[PDB]
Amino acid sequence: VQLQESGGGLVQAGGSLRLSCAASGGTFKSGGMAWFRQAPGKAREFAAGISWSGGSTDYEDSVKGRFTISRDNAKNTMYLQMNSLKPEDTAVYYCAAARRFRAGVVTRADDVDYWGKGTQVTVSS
């Protein structure tokens, strides 16, 4: 499975941003998926996760209530809606996926088989 992020760049504090991730549309598919984010020289920290079907989600504590993760398995996409952006949201955002067999919410890098290249998001006053 390959993954590719879209969205990003310079965004306004207090605004919103939607990131998207394209996943394989062929014979190999993602299971659970997630967004991770990385501050400089830090590890890829979990931000939001979603089960294969989309029925279950989880969020890092500082984004709960502001971020929504969703997916469209018909089109092989996965989205992060990021509201009320904060300076602390500045990071490289990575799309992540488990193998299809692991259908639960992904919350740990140990369970991420497939990574995107990442998209930088810089929240400016």
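Residue numbers here begin at 1 and follow the sequence given.
Participant: Could you check the entry and say whether 58-66 or 37-45 has the higher mean CA B-factor?
Facilitator: Between 37-45 and 58-66, it is 37-45 that shows the higher mean C-alpha B-factor.
Participant: Do the C-alpha atoms of 76-84 or of 23-31 have the higher average B factor in the entry?
Facilitator: Per the PDB entry, the higher value belongs to 23-31.
Participant: Would you mind checking where the Cα B-factor of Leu17 ranks among the modelled residues of its chain, as the lowest, middle or highest third?
Facilitator: Ranked within chain, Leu17 CA B lands in the lowest tercile.
Participant: State the tercile, meaning the lowest, middle or highest third, of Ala103 with respect to the CA B-factors recorded for its chain.
Facilitator: According to the entry, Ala103 has a C-alpha B-factor in the chain's middle third.
Participant: Can you tell me whether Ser51 has a C-alpha B-factor in the lowest, middle or highest third compared with the other modelled residues of the same chain?
Facilitator: Its C-alpha B-factor belongs to the lowest third of this chain's values.
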